[PDB]
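Only one structure is covered here, and it is reproduced in the block below.
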Number of protein chains: 2
Amino acid sequence: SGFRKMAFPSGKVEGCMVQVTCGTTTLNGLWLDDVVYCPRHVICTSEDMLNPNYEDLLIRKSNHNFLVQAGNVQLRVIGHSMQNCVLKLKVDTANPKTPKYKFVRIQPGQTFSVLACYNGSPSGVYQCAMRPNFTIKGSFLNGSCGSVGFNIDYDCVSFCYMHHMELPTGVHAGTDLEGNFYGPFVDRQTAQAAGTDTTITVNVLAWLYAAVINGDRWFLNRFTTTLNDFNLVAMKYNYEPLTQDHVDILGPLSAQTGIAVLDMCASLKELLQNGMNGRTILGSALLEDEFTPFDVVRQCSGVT
Amino acid sequence: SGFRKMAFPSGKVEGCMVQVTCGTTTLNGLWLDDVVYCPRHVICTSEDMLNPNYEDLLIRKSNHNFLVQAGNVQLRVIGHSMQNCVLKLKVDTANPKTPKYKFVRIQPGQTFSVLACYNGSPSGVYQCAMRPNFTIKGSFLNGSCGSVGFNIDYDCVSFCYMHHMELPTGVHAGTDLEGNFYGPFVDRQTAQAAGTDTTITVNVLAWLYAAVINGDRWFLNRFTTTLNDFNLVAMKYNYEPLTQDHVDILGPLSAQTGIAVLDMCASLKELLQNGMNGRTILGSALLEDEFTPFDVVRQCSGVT
Ligand SMILES: O=C(Cc1cccc(Cl)c1)Nc1cccnc1
Ligand SMILES: O=C(Cc1cccc(Cl)c1)Nc1cccnc1
């Protein structure tokens with residue numbers, strides 16, 4: 001009973017957070033095995049951020065310039081390299097708390113948990129989605145740049161995001177753990193605008209199935225639609241087009257509820273056209289799009 | 001930048017979760033020092049839940065009937081006692097991962113994080129509030145009954161909730177860690193209804209201050225009000241009456257934004273009377289009441 005925006009338990013990731021300082025810049029790092037990963041802008045002063053030449057700025061840096069502290073104990077840096085927009089600092093000690101892990105590059109629409117940190121210390125955990133414009137709507141302040149996003153499959157942590165930047169509009173940009181930015185963003189103090197933040201249709205449908213499973217059924221209509229008809233309405237409302245791959249992934253939710261995917265599409269089409277009329281679904285007055293179909297199954301089945 | 005429903009990092013609590021089984025009933029327990037705390041209904045069969053006499057059912061139970069497993073290793077039970085609606089199982093081993101902790105009984109309107117668990121294993125973490133009717137709107141399934149709610153002050157975990165029950169309406173009830181239910185609920189399979197779930201006014205005001213700090217300012221009006229005038233409108237909209245104690249706690253947010261508390265009350269009064277007109281505040285189409293003034297300060301300042 002009930003449906004919440006739920007994050008993964010963060011303990012396995014808390015055990016990896018470290019503080020990285022270079023000169024007067026401090027941010028967070030992720031310590032896995034004998035490597036600490038952190039945004040490469042740790043080498044920059046605020047002046048350097050205007051137009052940084054990272055390869056050039058890195059020539060002035062040695063292993064001993066990167067101060068890495070895990071808890072209140074200093075780690076010895078024995079190597080450093082730049083991979084895209086991240087630095088990899090080789091330390092002389094493997095993190096004893098390194099969980100089983102993978103580095104994954106997620107697609108827009110995928111959700112993940114963020115462990116927001118400051119000075120290598122966790123402040124909180126929340127659930128995010130990679131937006132269709134490749135920004136995330138997080139909660140980050142100056143100093144949060146070490147922070148990572150991740151998913152867990154039983155005991156394996158798949159790290160998918162490292163936070164680098166806030167856009168002038170207050171939305172967030174970052175990279176995967178190979179240092180490649182999501183979207184077209186660059187790690188420079190230059191104005192960068194985000195594209196259309198469309199609604200993740202397959203996730204809204206998943207959340208309407210979660211609503212039916214939890215008893216919120218008022219929005220179920222007497223209609224059906226087709227993918228093409230639904231998509232004409234999705235386009236008009238800045239929703240992502242729905243494909244047969246999305247219909248396929250919704251199959252288990254359709255099976256569990258007995259509501260055909262296209263019938264749920266027709267109920268969504270009526271909600272878009274009629275609005276909520278002051279009503280709520282799962283305590284929300286808007287259509288929630290940051291639960292994937294897998295998230296709904298996981299939460300509704302009690303996966304640990 | 002950004003404002004999210006954020007939970008506390010859960011690692012310190014994950015280190016305390018255990019599985020407790022008695023007969024054919026399995027739920028979660030909280031292992032702190034050499035004591036495991038769990039709902040007393042672990043001793044009941046589904047038939048026993050209709051009208052349980054817990055003292056009588058406990059006479060048929062010995063230490064060896066309580067099976068406690070931490071990870072995949074069994075703990076030896078050397079004592080057991082009932083305190084209100086919880087059992088305290090004394091084990092022969094202190095939990096090596098016991099954090100600094102306190103047991104606190106929270107007031108309605110207070111928020112906390114929940115680490116939802118099944119079979120002593122964490123499934124996820126989310127943020128809750130103790131509702132004014134002493135229910136919580138969680139996300140819990142059968143088997144989640146060990147699960148706890150907590151707050152953290154730097155390194156000390158204050159446990160405030162243990163989950164026991166879902167009401168026929170799908171809202172949740174539980175106890176503090178001394179086993180006293182919040183509200184009038186009893187641990188029995190008998191229909192129990194909840195009272196009015198009013199809106200936590202001081203938390204909505206805190207969230208409107210978070211919205212102004214994060215750039216969402218459209219709702220700021222040219223008016224002010226008084227506590228008595230505001231409360232006439234709060235009563236009409238099923239909002240909790242605002243007191244001078246609530247105004248006092250909002251002082252830091254008023255100081256940080258330069259918006260007098262009563263002016264923010266007048267902006268809230270207009271939102272109640274006019275509605276949102278299809279607009280959003282912090283990505284919500286309703287007024288959010290599960291952030292306390294302390295939560296807003298903590299999140300907006302990056303407390304770790
Ligand atoms: O955005 C930055 C610093 C920065 C400036 C320019 C480029 C880069 Cl890569 C980083 N810090 C921050 C503040 C608030 C929330 N998230 C991040
Ligand atoms: O409510 C119960 C079992 C129960 C029945 C009657 C009394 C008591 Cl104390 C417990 N389990 C559950 C299921 C879904 C969500 N939260 C809890």
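Residue numbering restarts at 1 for every chain of the structure tokens, chains are lettered A, B, ... in their displayed order, and ligands are numbered from 1 as they appear.
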
Determine which residues of stretch 90-223 of chain B DSSP labels as helix (DSSP H, G or I) from the backbone of this structure, then write them out as a CSV table (one decimal) with N, CA and C atoms, in the first residue's frame.
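Now in part.csv:
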chain,number,residue,atom,x,y,z
B,144,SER,N,7.0,-5.7,5.5
B,144,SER,CA,7.8,-4.5,5.8
B,144,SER,C,7.7,-4.1,7.2
B,145,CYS,N,6.9,-4.8,8.0
B,145,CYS,CA,6.7,-4.4,9.4
B,145,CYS,C,8.0,-4.2,10.3
B,146,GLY,N,9.1,-4.9,10.0
B,146,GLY,CA,10.3,-4.4,10.8
B,146,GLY,C,10.8,-2.9,10.7
B,201,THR,N,0.6,23.3,8.0
B,201,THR,CA,0.8,24.7,7.5
B,201,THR,C,2.2,25.2,7.6
B,202,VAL,N,2.8,25.0,8.8
B,202,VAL,CA,4.2,25.5,9.0
B,202,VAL,C,5.1,24.9,7.9
B,203,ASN,N,4.9,23.6,7.5
B,203,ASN,CA,5.7,23.0,6.5
B,203,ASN,C,5.5,23.6,5.1
B,204,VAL,N,4.2,23.9,4.8
B,204,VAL,CA,3.9,24.5,3.5
B,204,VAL,C,4.6,25.8,3.4
B,205,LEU,N,4.6,26.6,4.5
B,205,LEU,CA,5.3,27.9,4.5
B,205,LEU,C,6.8,27.8,4.3
B,206,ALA,N,7.3,26.8,5.0
B,206,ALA,CA,8.8,26.5,4.9
B,206,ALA,C,9.1,26.2,3.4
B,207,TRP,N,8.3,25.3,2.7
B,207,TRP,CA,8.4,25.0,1.3
B,207,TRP,C,8.2,26.2,0.4
B,208,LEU,N,7.4,27.2,0.7
B,208,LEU,CA,7.2,28.4,-0.1
B,208,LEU,C,8.5,29.2,0.1
B,209,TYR,N,9.1,29.2,1.3
B,209,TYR,CA,10.4,29.9,1.4
B,209,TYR,C,11.5,29.2,0.6
B,210,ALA,N,11.5,27.8,0.6
B,210,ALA,CA,12.4,27.1,-0.3
B,210,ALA,C,12.2,27.4,-1.7
B,211,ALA,N,11.0,27.6,-2.1
B,211,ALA,CA,10.7,28.0,-3.5
B,211,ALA,C,11.2,29.3,-3.8
B,212,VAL,N,11.1,30.3,-3.0
B,212,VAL,CA,11.6,31.7,-3.2
B,212,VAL,C,13.2,31.6,-3.3
B,213,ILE,N,13.8,30.8,-2.4
B,213,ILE,CA,15.3,30.7,-2.4
B,213,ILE,C,15.7,30.1,-3.8

What does chain B look like once superposed on chain A, all Cα atoms paired in sequence order, least squares? Give it as a compact mmCIF listing (two decimals) with C-alpha atoms, in the first residue's frame.
# COMPACT_ATOMS: atom_id res chain seq x y z
CA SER B 1 0.00 0.00 0.00
CA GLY B 2 1.24 3.47 -0.89
CA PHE B 3 3.69 4.63 -3.56
CA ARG B 4 6.62 6.87 -2.86
CA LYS B 5 9.52 8.46 -4.72
CA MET B 6 12.01 6.02 -3.32
CA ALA B 7 15.77 6.03 -3.57
CA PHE B 8 18.06 3.00 -3.32
CA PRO B 9 19.62 2.46 0.13
CA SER B 10 22.78 4.58 -0.02
CA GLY B 11 25.13 2.75 2.34
CA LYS B 12 27.19 1.06 -0.37
CA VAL B 13 27.81 4.48 -1.99
CA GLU B 14 28.41 6.32 1.35
CA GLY B 15 31.34 3.91 1.82
CA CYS B 16 32.93 5.31 -1.37
CA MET B 17 32.70 9.06 -0.79
CA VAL B 18 35.88 11.03 -0.29
CA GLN B 19 36.94 14.68 -0.28
CA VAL B 20 39.29 15.86 -3.05
CA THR B 21 41.10 19.19 -2.82
CA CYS B 22 43.38 20.77 -5.39
CA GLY B 23 44.70 24.20 -4.39
CA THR B 24 41.72 26.09 -3.02
CA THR B 25 39.05 23.96 -4.74
CA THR B 26 37.34 21.20 -2.78
CA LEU B 27 34.76 18.76 -4.09
CA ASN B 28 33.76 15.11 -3.75
CA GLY B 29 35.41 12.03 -5.16
CA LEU B 30 34.28 8.42 -5.59
CA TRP B 31 36.79 5.85 -4.27
CA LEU B 32 36.45 2.40 -5.87
CA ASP B 33 39.34 -0.09 -5.57
CA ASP B 34 42.56 2.06 -5.67
CA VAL B 35 41.09 4.83 -7.85
CA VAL B 36 39.36 8.08 -6.87
CA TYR B 37 37.17 9.59 -9.57
CA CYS B 38 36.28 13.27 -9.46
CA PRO B 39 35.34 16.16 -11.81
CA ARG B 40 38.44 17.52 -13.59
CA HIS B 41 37.43 21.10 -12.68
CA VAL B 42 38.87 20.38 -9.17
CA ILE B 43 42.11 21.74 -10.76
CA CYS B 44 40.53 25.10 -11.61
CA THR B 45 40.34 28.36 -9.77
CA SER B 46 37.06 30.35 -10.32
CA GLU B 47 39.02 32.47 -12.88
CA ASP B 48 40.20 29.31 -14.71
CA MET B 49 36.51 28.24 -15.20
CA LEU B 50 35.84 31.09 -17.68
CA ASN B 51 37.87 29.39 -20.46
CA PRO B 52 39.83 26.42 -19.09
CA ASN B 53 42.43 24.48 -21.04
CA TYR B 54 42.40 21.39 -18.87
CA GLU B 55 45.42 19.70 -20.44
CA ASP B 56 47.41 22.88 -19.85
CA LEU B 57 46.18 23.38 -16.28
CA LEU B 58 46.98 19.75 -15.49
CA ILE B 59 50.69 20.20 -16.49
CA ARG B 60 51.06 22.43 -13.34
CA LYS B 61 49.62 19.58 -11.14
CA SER B 62 51.50 16.69 -9.52
CA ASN B 63 50.21 13.69 -7.49
CA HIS B 64 50.97 15.54 -4.21
CA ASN B 65 48.74 18.49 -5.27
CA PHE B 66 45.61 16.31 -5.01
CA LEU B 67 44.60 16.00 -1.41
CA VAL B 68 42.29 13.03 -0.87
CA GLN B 69 40.71 12.47 2.51
CA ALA B 70 38.46 9.44 3.34
CA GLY B 71 36.69 10.16 6.60
CA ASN B 72 39.41 12.05 8.45
CA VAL B 73 42.36 10.09 7.04
CA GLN B 74 44.54 11.14 4.13
CA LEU B 75 45.07 8.83 1.14
CA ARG B 76 48.38 8.74 -0.70
CA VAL B 77 48.06 9.70 -4.40
CA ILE B 78 50.48 7.68 -6.56
CA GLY B 79 49.15 8.51 -10.03
CA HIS B 80 46.69 10.73 -11.85
CA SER B 81 45.13 10.91 -15.25
CA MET B 82 42.38 12.67 -17.07
CA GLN B 83 39.67 10.68 -18.88
CA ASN B 84 37.27 13.02 -20.69
CA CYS B 85 35.89 15.38 -17.93
CA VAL B 86 36.95 13.28 -14.91
CA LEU B 87 40.20 12.80 -13.13
CA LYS B 88 41.23 9.38 -11.94
CA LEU B 89 43.54 9.56 -8.95
CA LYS B 90 45.35 6.32 -8.24
CA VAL B 91 45.82 5.87 -4.51
CA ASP B 92 48.05 3.42 -2.65
CA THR B 93 45.10 1.79 -0.77
CA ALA B 94 42.13 -0.04 -2.23
CA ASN B 95 38.87 1.14 -0.68
CA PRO B 96 38.04 -1.61 1.82
CA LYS B 97 34.34 -0.82 1.41
CA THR B 98 34.35 -1.06 -2.44
CA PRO B 99 31.04 -2.68 -3.38
CA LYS B 100 30.54 -4.79 -6.53
CA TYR B 101 30.15 -2.15 -9.21
CA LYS B 102 29.76 -1.25 -12.85
CA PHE B 103 29.93 2.02 -14.77
CA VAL B 104 26.88 2.49 -16.99
CA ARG B 105 25.80 5.27 -19.33
CA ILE B 106 22.06 5.68 -19.01
CA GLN B 107 19.48 6.75 -21.58
CA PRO B 108 17.06 9.69 -21.16
CA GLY B 109 14.08 8.62 -19.12
CA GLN B 110 16.12 6.37 -16.84
CA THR B 111 15.96 7.06 -13.12
CA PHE B 112 18.69 6.82 -10.49
CA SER B 113 19.43 7.74 -6.93
CA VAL B 114 21.76 10.64 -6.04
CA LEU B 115 23.78 10.76 -2.84
CA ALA B 116 24.36 14.52 -2.54
CA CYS B 117 27.65 15.16 -0.68
CA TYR B 118 29.72 18.08 0.55
CA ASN B 119 33.37 17.81 1.62
CA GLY B 120 33.23 14.03 1.03
CA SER B 121 30.33 13.70 3.52
CA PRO B 122 26.76 12.67 2.61
CA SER B 123 23.96 15.16 3.09
CA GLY B 124 21.03 13.22 1.62
CA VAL B 125 19.62 10.87 -0.95
CA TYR B 126 16.98 11.47 -3.57
CA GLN B 127 15.62 10.05 -6.77
CA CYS B 128 16.31 11.70 -10.18
CA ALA B 129 15.70 10.97 -13.83
CA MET B 130 17.92 11.70 -16.81
CA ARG B 131 15.67 14.27 -18.60
CA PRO B 132 15.06 13.99 -22.36
CA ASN B 133 17.21 17.15 -22.75
CA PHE B 134 20.06 15.37 -20.81
CA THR B 135 19.85 17.60 -17.73
CA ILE B 136 18.76 16.36 -14.30
CA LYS B 137 16.61 18.31 -11.86
CA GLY B 138 18.67 17.70 -8.72
CA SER B 139 19.29 19.54 -5.46
CA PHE B 140 22.91 20.61 -5.47
CA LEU B 141 24.86 23.54 -4.08
CA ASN B 142 28.49 24.72 -4.58
CA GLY B 143 30.75 21.90 -3.34
CA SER B 144 28.32 19.10 -4.39
CA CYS B 145 30.31 18.39 -7.57
CA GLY B 146 31.80 15.09 -6.35
CA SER B 147 28.29 13.55 -5.98
CA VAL B 148 27.16 10.46 -7.87
CA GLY B 149 24.00 8.89 -9.22
CA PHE B 150 23.50 5.15 -9.21
CA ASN B 151 21.19 2.15 -9.39
CA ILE B 152 21.61 -1.15 -7.49
CA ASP B 153 20.90 -4.73 -8.72
CA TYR B 154 20.91 -6.71 -5.38
CA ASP B 155 24.59 -6.23 -4.39
CA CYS B 156 26.01 -4.50 -7.48
CA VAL B 157 26.10 -0.69 -7.75
CA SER B 158 25.87 0.66 -11.28
CA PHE B 159 27.20 4.19 -11.22
CA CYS B 160 25.65 6.27 -13.98
CA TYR B 161 26.21 9.94 -13.07
CA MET B 162 28.73 12.26 -11.50
CA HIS B 163 27.57 15.83 -10.85
CA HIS B 164 29.58 18.64 -12.44
CA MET B 165 27.53 21.73 -13.03
CA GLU B 166 24.48 23.90 -12.54
CA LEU B 167 23.13 25.75 -15.59
CA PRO B 168 22.11 29.40 -15.23
CA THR B 169 18.47 28.09 -15.06
CA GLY B 170 19.18 25.94 -11.99
CA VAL B 171 18.98 22.56 -13.71
CA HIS B 172 21.99 20.23 -13.50
CA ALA B 173 24.53 18.64 -15.82
CA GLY B 174 27.12 15.98 -15.35
CA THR B 175 28.89 13.00 -16.77
CA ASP B 176 28.90 9.23 -16.69
CA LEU B 177 31.86 7.66 -14.77
CA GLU B 178 33.99 7.65 -17.95
CA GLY B 179 33.76 11.47 -17.81
CA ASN B 180 31.50 11.94 -20.84
CA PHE B 181 28.84 14.59 -20.30
CA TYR B 182 25.22 13.67 -20.76
CA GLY B 183 23.99 15.96 -23.51
CA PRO B 184 25.96 18.73 -25.13
CA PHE B 185 27.27 20.41 -21.99
CA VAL B 186 30.86 21.39 -21.37
CA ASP B 187 32.67 22.04 -18.08
CA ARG B 188 33.15 25.76 -18.52
CA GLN B 189 31.63 28.93 -16.87
CA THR B 190 29.90 29.94 -20.06
CA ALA B 191 26.12 30.23 -20.45
CA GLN B 192 24.67 26.97 -21.78
CA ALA B 193 20.95 26.55 -22.33
CA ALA B 194 18.95 23.36 -22.10
CA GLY B 195 16.57 22.09 -24.78
CA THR B 196 12.92 21.15 -24.31
CA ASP B 197 12.27 19.25 -21.16
CA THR B 198 9.64 16.90 -22.48
CA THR B 199 7.65 14.49 -20.34
CA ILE B 200 8.81 10.83 -20.25
CA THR B 201 5.63 9.18 -21.48
CA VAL B 202 6.52 5.57 -20.70
CA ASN B 203 7.26 6.62 -17.08
CA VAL B 204 3.92 8.46 -16.72
CA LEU B 205 2.17 5.28 -17.95
CA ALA B 206 4.13 3.21 -15.45
CA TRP B 207 3.07 5.58 -12.66
CA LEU B 208 -0.64 5.39 -13.77
CA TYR B 209 -0.30 1.57 -13.47
CA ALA B 210 1.22 2.11 -9.94
CA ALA B 211 -1.79 4.31 -9.17
CA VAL B 212 -4.26 1.59 -10.23
CA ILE B 213 -2.35 -1.03 -8.16
CA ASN B 214 -2.61 1.33 -5.14
CA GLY B 215 -6.35 2.07 -5.56
CA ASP B 216 -6.34 5.44 -7.36
CA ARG B 217 -8.60 4.54 -10.28
CA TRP B 218 -10.78 7.60 -10.99
CA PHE B 219 -8.85 8.43 -14.19
CA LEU B 220 -9.54 5.05 -15.87
CA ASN B 221 -11.63 5.89 -18.89
CA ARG B 222 -13.82 3.85 -21.30
CA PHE B 223 -11.50 4.45 -24.28
CA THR B 224 -8.64 2.97 -26.16
CA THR B 225 -6.28 4.53 -28.74
CA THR B 226 -3.42 3.55 -31.11
CA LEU B 227 0.25 4.51 -30.87
CA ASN B 228 -0.12 6.93 -33.80
CA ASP B 229 -3.23 8.61 -32.41
CA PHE B 230 -1.76 8.79 -28.92
CA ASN B 231 1.48 10.26 -30.32
CA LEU B 232 -0.35 13.07 -32.11
CA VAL B 233 -1.61 14.14 -28.65
CA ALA B 234 1.81 13.41 -27.00
CA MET B 235 3.49 15.74 -29.50
CA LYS B 236 0.99 18.50 -28.79
CA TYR B 237 1.62 18.21 -25.01
CA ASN B 238 5.45 17.99 -25.18
CA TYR B 239 5.44 14.31 -24.23
CA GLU B 240 8.02 11.89 -25.70
CA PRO B 241 6.63 9.72 -28.53
CA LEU B 242 5.66 6.25 -27.33
CA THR B 243 7.16 3.34 -29.24
CA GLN B 244 6.40 -0.41 -29.32
CA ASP B 245 9.61 -0.85 -27.17
CA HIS B 246 7.88 1.24 -24.46
CA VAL B 247 4.66 -0.82 -24.83
CA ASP B 248 6.78 -3.99 -24.45
CA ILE B 249 8.38 -2.80 -21.21
CA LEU B 250 4.92 -1.95 -19.80
CA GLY B 251 3.76 -5.60 -20.46
CA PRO B 252 4.22 -6.81 -16.86
CA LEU B 253 2.19 -3.86 -15.48
CA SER B 254 -0.49 -4.45 -18.10
CA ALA B 255 -0.54 -8.15 -17.10
CA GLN B 256 -0.70 -7.47 -13.38
CA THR B 257 -3.61 -5.00 -13.70
CA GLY B 258 -5.48 -6.38 -16.72
CA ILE B 259 -5.39 -2.91 -18.32
CA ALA B 260 -4.12 -3.01 -21.91
CA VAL B 261 -1.26 -0.58 -22.57
CA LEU B 262 -3.22 1.27 -25.26
CA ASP B 263 -6.21 1.61 -22.93
CA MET B 264 -3.88 3.26 -20.35
CA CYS B 265 -2.64 5.49 -23.20
CA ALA B 266 -6.23 6.54 -23.85
CA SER B 267 -6.71 7.33 -20.15
CA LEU B 268 -3.50 9.45 -20.30
CA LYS B 269 -4.72 11.19 -23.47
CA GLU B 270 -7.95 12.19 -21.67
CA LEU B 271 -5.94 13.45 -18.63
CA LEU B 272 -3.82 15.60 -20.95
CA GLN B 273 -6.89 16.98 -22.75
CA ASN B 274 -9.14 17.43 -19.70
CA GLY B 275 -6.61 18.14 -16.95
CA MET B 276 -7.02 16.81 -13.40
CA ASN B 277 -10.04 19.03 -12.51
CA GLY B 278 -8.53 19.61 -9.06
CA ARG B 279 -8.09 15.87 -8.36
CA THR B 280 -4.89 13.98 -7.45
CA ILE B 281 -3.27 10.67 -8.43
CA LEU B 282 -0.95 9.14 -5.82
CA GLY B 283 -1.01 12.46 -3.95
CA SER B 284 0.17 14.42 -6.99
CA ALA B 285 -1.69 17.10 -8.90
CA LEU B 286 0.55 16.54 -11.96
CA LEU B 287 1.48 13.46 -13.97
CA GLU B 288 4.70 12.05 -12.51
CA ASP B 289 7.35 10.92 -14.95
CA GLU B 290 10.30 9.94 -12.76
CA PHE B 291 9.33 6.30 -12.13
CA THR B 292 10.31 3.81 -14.82
CA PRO B 293 8.27 0.63 -15.42
CA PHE B 294 11.08 -1.29 -13.62
CA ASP B 295 10.88 1.08 -10.63
CA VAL B 296 7.12 0.48 -10.34
CA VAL B 297 7.53 -3.32 -10.45
CA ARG B 298 10.42 -3.15 -7.93
CA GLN B 299 8.51 -0.96 -5.48
CA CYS B 300 5.18 -2.77 -5.88
CA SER B 301 6.89 -6.20 -5.36
CA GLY B 302 9.32 -5.37 -2.50
CA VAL B 303 12.60 -6.18 -4.27
CA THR B 304 15.64 -5.94 -1.89
